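Novice: What follows is a single structure, and I will ask about it in a moment.
Number of protein chains: 2
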Amino acid sequence: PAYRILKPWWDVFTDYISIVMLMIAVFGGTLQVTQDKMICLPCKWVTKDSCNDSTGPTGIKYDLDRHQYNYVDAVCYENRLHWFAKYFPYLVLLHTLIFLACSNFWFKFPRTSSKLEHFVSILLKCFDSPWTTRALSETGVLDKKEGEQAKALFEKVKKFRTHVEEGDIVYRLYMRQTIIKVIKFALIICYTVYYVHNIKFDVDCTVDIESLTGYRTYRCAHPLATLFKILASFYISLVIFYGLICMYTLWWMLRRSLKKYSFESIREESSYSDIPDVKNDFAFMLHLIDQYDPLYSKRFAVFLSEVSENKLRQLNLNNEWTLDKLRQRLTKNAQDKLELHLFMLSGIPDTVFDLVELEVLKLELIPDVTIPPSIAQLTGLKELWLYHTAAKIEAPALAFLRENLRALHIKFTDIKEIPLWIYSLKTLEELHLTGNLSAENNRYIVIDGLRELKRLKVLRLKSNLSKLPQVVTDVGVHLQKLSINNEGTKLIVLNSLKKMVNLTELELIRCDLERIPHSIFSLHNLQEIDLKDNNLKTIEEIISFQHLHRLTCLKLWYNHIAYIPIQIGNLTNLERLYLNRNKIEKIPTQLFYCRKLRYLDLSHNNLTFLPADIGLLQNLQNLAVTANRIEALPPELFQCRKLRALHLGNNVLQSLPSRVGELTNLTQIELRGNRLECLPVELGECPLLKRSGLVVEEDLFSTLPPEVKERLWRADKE
Amino acid sequence: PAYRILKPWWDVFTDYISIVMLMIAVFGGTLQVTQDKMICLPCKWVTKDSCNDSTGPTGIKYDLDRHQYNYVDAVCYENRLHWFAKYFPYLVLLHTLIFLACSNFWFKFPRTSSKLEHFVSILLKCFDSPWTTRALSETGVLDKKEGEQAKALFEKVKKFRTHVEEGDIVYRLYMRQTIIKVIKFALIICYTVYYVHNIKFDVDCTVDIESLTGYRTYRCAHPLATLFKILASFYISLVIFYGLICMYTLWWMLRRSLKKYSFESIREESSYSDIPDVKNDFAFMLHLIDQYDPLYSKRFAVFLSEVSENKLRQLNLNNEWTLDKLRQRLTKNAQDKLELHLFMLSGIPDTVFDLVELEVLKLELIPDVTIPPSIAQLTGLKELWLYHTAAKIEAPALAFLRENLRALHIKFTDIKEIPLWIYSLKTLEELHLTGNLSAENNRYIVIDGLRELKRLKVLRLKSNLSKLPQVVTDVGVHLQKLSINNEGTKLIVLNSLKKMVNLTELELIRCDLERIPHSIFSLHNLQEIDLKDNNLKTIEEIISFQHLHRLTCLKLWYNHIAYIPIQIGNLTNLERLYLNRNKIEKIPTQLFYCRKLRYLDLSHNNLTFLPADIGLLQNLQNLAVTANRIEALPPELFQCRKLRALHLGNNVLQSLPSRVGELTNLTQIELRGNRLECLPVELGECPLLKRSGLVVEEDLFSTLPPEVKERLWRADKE
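Written out as structure tokens, the structure is:
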């Protein structure tokens, strides 16, 4: 029943004027039906078709019957009474009906009635929406269903806007009906004022009935002429008022260009300037509603602003992502600490910052993320991961990160989408850049602020470096673990690492060095070196590595070196050795001089056999011989008692030695790809042996008798 | 206010035109009834039944009474006044009532009225449905009641489409109404225009009343003739407008073949390619709505795609089964691995593929579920149970199953509902068929592709197999466990088992063998033999089982065997012997020649005594003698020390030896139902025995000294 909102004051006034005109039409019509008599007396002395007006006085006899008088009255009413004086009430009724039809045509026309009812429904939904009350009172919890209803209302408003704004039918129809009203008012006022003077009390009729009455002309009287005259004057005044109102409406809708709305008061008041102007067929109904009252328009405008939409998105994210759900979603990363991963979420829920036990926060593909000051509520947070997220941070939150942030992992595609406050983290320890720092003709000016971080210990640039940045070389004087990945992109050192004196890890995975750098020799403090996929050819530079007396984890796997140089034996501190996925045809015996090897692995190699000198390495813990043509192993090798893991992947073994049964400290064994058919039964006599440690083929597993298999299976639970 | 959607602009125009016609008819009728007098003056000089109209003037004397004038007026009104003048208002009333009836017939006709009101209700529900906005925004989460309402609306839409699509009653009725309106307008215009000229103010009557008045012809006057002519002209104009409108409606019904609805705009805009084109009696109503507002048709389209139905099902499942409410439903099966069992669900919830820890996914009576590629998100998934479920698979998910699937259980009522992608699982270890492989008298073509599974190890055919298939014999070359549950159907081998020589189990439950097969003698690698419910009468074939050097768990329970053969002494390596549910009175002394027995079990058997040579079998761990005529336990029974479980129930045991305490490894002992009057006082000397370990009636449980009872209760604390 909410049709009155679309009727402005002028429509109400025109409706009331139409009601009054209809009342006077009914009054005049019932008078002209019940009593419309003309009283006609004949003229005996006639000049120019009119009465000539020329004992005691006596009446003049006309010798006319009553029915002759009635016939004369009827004929002079029909012929010589002005049509206006006869049909004034009927013309008034017709004009009032046409006025009402023009007024209500757009309400009754289905094409515009559908749009009007849709607009009224949407406006009333936006009017009684509690989220509108909250938005206007923004200047304490919300129901889960209310947020979903508000989101559905926002979507409904967007669909209504995209369906209605392209029509431009309601405005055109309203303009057309107002113009019809104005032109009809003009025509009716013209003809009514012209013909109102033809309603006279006394008329003269010369109706040419002489064979019936014997008289030529008659002097008539219309006793209802003065009443119809005042009725016509009253109707003329009413039509004048109606036309003035219609002219005001036409001026109102032809001066402000109602096809476009302003939405300026709310933007100047609600501080939400991001409310776009409204196009045609939707600005018009907004203008009409404003003519009713601006309250509905202001309450409706909150569904046209994207700021309110984003606020609703954030509130629904907070309400749906409850604290318990995030707490249950907490996981443990590689470093064995609490981890929370946010992937493709619209934002960071405020319940997340209630997880004071959180230590690492991962953000991936979160759009327009702003880190609120509530991060200070977190205290155990130490690492922040920004995966394709441009984070904007307030002053207190940035101070908290400047005081309580250890590591920062960011991935990016452009230098512009990295945080500009990264260099403000004075307590940062680990920095992991995995983007593209190579900008347009600059020596990596984007990271020129890396000198600010004096607490930096780990740097993991991955941007396909061509020339090592001078800022990185300068900042490496206090760096512990420098890891670089170029994905095979050429990188040149050219006496760059000689400035560092305290570096210990020098991962250069996929840096396309193609040669071992000559500057790595001066880094005596180094302990881990890894050169994976550097397309190296020769590693005969070990003779220069004797300077590194603390080196224990020389890693060179995923490379191509023809043979192991003899200079390996010169170094005796080798504790971890790695040259997997290389093409080395034989292992020199001098390599086995190192008595402290523990994690030696030479897998995926063209090896034929291992020399017996390997058995003097009692300290060996893990060995990988995957993809090697090892026909057999020396019995001296298994004389060791401190072995932990031996991986034998795809090796040509026909038998397994019977002296391996003396191995007790062994933890796990892998025999995948071997063409074995015999397994010693003495292998099962071991203090530590389970299914997980030793995995073999099921058919080969049957070569041992069941009395030990059942016993070990009994203890496999715990 | 409810059916206004079904009224286009022409229908409302015709309704208002008919209202104005009703007003004209009422006004004319009341005008004629109130006064329709004739005023007739006689002609003194007549020529061809019409007068020629041939000091001062004087009136013409007729010498007629007033009643003579009234009589001639009445006679000329009744006789010589045209019937159209007298009956115009009543004809107009009849015509407008006929037009109204034609307009409102299909609204008052129940056969069409029910369809129209149901269509309006359904369209209104689809217009403001909370899920239509979501479907259009997609181009999740929702309240459970709202989801139920959306599903009910989907079902209502589909049933309405089924009901109305084959009616063709609304379109025909509407076309017939339009045709009747057009022909009525044609005849009305014809006759009304032909007879409107017949209403005139001046009318001559020669009514032949001369003996009563003296005059032959009379010149009459009809004072209402001009007003009636104006009303008739207005009615003619209204009928012309009505006829033009109805002709436009008729042409609109013949310009597009409204029996078919394109529906292409929405199905191509919203990418719902499978939106069907609507046929007769349902395309016409959609065209009517499009005449009112196409937005209702757009909203109604999203309840017709049947892809939106799938999305609604998935959303309801996701809202119903949250991860917190789904992990609590995880269970551990017999194999002590995580199991998820879905029962009578509308589909596979999208949150079941977020359970990384899942190992067994059991699907039971879920209708037409297509396993999504998100199943690859499962990492520990190894078993897939499809119970009475036909599952369709896509390219990525089928490849993932071909890579990471171990077990497959399927129960089916017809062959067609088994997956056709089962043979695409080349990594499957065990397969379980529990349906009816006995197809329409074929050589088991339904399983002819079993040979493709190169890593098959376990077979579980329970399909009333009348004979062992050739495909099974071929594929058994590398089969470990074979289990056939024929459910009492006779099974014949006839040289069909000796091909398989690597089988370790040969379970043959309910195979109705009636005899131990002669082909089992060649399976030298067997370890377990199960012949449950085979109706074995003679088991003399034990004389041929000494060949099998790994036979340990010969099971012959649930059979009808009288005498245990003396040839048990040939067997040596039995670990578990089961002879339950048979008819055996004598336990042979040679039975205990198999000294490796651990789970010997002879319960529900007509035994008489327990032989004294049981002490010679020192490695016994379990012995259930439940439901036997065991008069008393021999003292040699307790000569064993490692016995763990001892079930002596429903036996006639009058006394129990006092040396029960000799067994320290006995954990569970049952004596319920026996004829025991006292218990040994040494029963409490058991290091490992709890309240659950002793199953006796409470009346004789208290006869033992209170100290041992209280010690037993003390052992029950934890």
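Same order as they appear, the protein sequences are chains F and A.
Per PDB author numbering: the first sequence = residues 15 to 68, 92 to 176, 230 to 808.
Per PDB author numbering: the second sequence = residues 15 to 68, 92 to 176, 230 to 808.
All residues carry an ideal CB built from backbone N, CA and C; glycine is no exception.
(1) Please check if any C-beta of chain A sits within less than 8 Å of the C-beta of residue 47(F).
(2) Can you check the segment 622 to 646 of chain F for any beta strand (DSSP E) of at least 3 residues that lies completely inside it and give the ranges in chain order?
(3) The beta strand (DSSP E) spanning residue 77(F) covers which residue range?
(4) Could you confirm whether any beta carbon from chain F is found closer than 8 Å to the beta carbon of residue 257(A)?
(5) What residues of chain F sit near residue 96(A), judged by a beta carbon separation below 9 Å?
(6) Out of curiosity, what's the CA-to-CA distance linking residue 732(A) and residue 691(A)?
(7) Would you say residue 311(A) faces chain F, with C-beta separation under 8 Å as the test?
(8) For a cutoff of 8 Å on Cβ pairs, would you count residue 132(F) as touching chain A?
(9) Is DSSP giving residue 758(A) helix, strand or coil here?
(10) Which same chain residues end up closer than 6 Å to residue 105(F) when comparing Cβ atoms and leaving out the 5 residues on each side of it in sequence?
(11) Could you round the C-beta distance between residue 586(A) and residue 546(A) to whole angstroms and report it? I think they count as a contact, below 8 Å.
(12) Does chain C have any CB closer than 8 Å to the CB of residue 316(A)?
(13) With a threshold of 8 Å, are at least 3 pairs of Cβ atoms found where one atom belongs to the segment 652 to 668 of chain F and the other to the segment 622 to 642 of chain F?
(14) Once DSSP output is grouped into helix, strand and coil, what is the label at residue 305(A)?
(15) Extract the residue ranges of the beta strand (DSSP E) inside the segment 480 to 521 of chain F, only unbroken runs of 3 or more that lie entirely within it.
(16) The beta strand (DSSP E) that contains residue 801(A), what's its start and end?
(17) So which residues on chain A does residue 607(F) lean against when the C-beta distance must stay under 8 Å?
(18) Tell me which residue opens and which closes the beta strand (DSSP E) that residue 128(F) is part of.
(19) Closer than 8 Å, CB to CB, is residue 496(F) near chain A or not?
(20) Smallest Cα separation from residue 319(A): which of 309(A), 292(A), 297(A)?
(21) Tell me, please, whether the CB atom of residue 246(F) is closer than 8 Å to any CB atom in chain A?
(22) Using C-beta distances below 7 Å, list every residue in its chain close to residue 564(A), excluding the 5 sequence neighbours before and after it, in chain order.
(23) Select from 333(A), 480(A), 373(A), 117(A) the residue whose C-alpha is nearest the C-alpha of residue 299(A).
(24) Taking the DSSP output, what are the residues bridged to residue 299(F)?
(25) For residue 741(A) and residue 720(A), which I take to be in contact (beta-carbon distance under 8 Å), what is that distance rounded to the nearest angstrom?
(26) Could you name the residues of chain F that residue 291(A) contacts, counting a contact when the two beta carbons are closer than 7 Å?
(27) Beta-carbon separation of residue 745(F) and residue 716(F) under 8 Å?
(28) So for residue 384(A), helix, strand or coil by DSSP?
(29) Taking 8 Å as the cut-off, does the segment 275 to 287 of chain F touch the segment 264 to 278 of chain A (at least 3 CB pairs, one atom from each stretch)?
(30) Determine the extent of the alpha helix (DSSP H) in which residue 104(F) is found, giving its start and end residues.
(31) Please report the residue range of the alpha helix (DSSP H) in which residue 689(A) lies.
(32) Roughly how many whole angstroms lie between the Cα atoms of residue 223(F) and residue 413(F)?
(33) Using 8 Å as the threshold, is the segment 125 to 133 of chain A in touch with the segment 94 to 110 of chain A, meaning 3 or more CB pairs across them?
(34) From the beta carbon of residue 108(F), is the nearest beta carbon of chain A less than 8 Å away?
(35) Count Cβ pairs between the segment 18 to 31 of chain F and the segment 379 to 387 of chain F that sit closer than 8 Å; are there 3 or more?
(36) So residue 476(F) and residue 505(F) are supposed to be a Cβ contact under 8 Å. How far apart are they, rounded?
Specialist: Working from what's here:
(1) yes
(2) 643 to 645
(3) Since the model of chain F passes from 68 to 92 in one step, residue 77(F) is not part of what is shown.
(4) no
(5) 56, 98, 99, 100, 101, 102, 105, 303, 304, 305
(6) 16 Å
(7) yes
(8) Closer than 8 Å: no.
(9) strand
(10) So the qualifying residues of the chain are 303.
(11) Residue 586(A) to residue 546(A), Cβ: 18 Å. No contact.
(12) Here the protein chains are F and A, and chain C is not one of them.
(13) yes
(14) coil
(15) 481 to 483, 497 to 501
(16) Premise fails: residue 801(A) lies in the alpha helix (DSSP H), 796 to 804, not in any beta strand (DSSP E).
(17) In chain order: nothing, as chain A lies at least about 41 Å away.
(18) Note, residue 128(F): premise wrong, no beta strand (DSSP E); alpha helix (DSSP H) at 120 to 145.
(19) no
(20) 292(A)
(21) yes
(22) 541
(23) 117(A)
(24) Residue 299(F) is not bridged to any residue.
(25) Yes, they are in contact, since the Cβ atoms of residue 741(A) and residue 720(A) sit about 4 Å apart, within 8 Å.
(26) 115
(27) Result no, Cβ atoms of residue 745(F) and residue 716(F) do not sit closer than 8 Å.
(28) helix
(29) No, the segment 264 to 278 of chain A is not in contact with the segment 275 to 287 of chain F.
(30) For residue 104(F), the enclosing alpha helix (DSSP H) covers residues 103 to 116.
(31) Counting along the chain, residue 689(A) falls outside any alpha helix (DSSP H), and DSSP gives it neither H nor E.
(32) Here residue 223(F) is not present, the numbering of chain F passing from 176 to 230 in one jump.
(33) no
(34) yes
(35) yes
(36) Their Cβ separation, rounded to whole angstroms, is 14 Å, which puts residue 476(F) and residue 505(F) out of contact at 8 Å.
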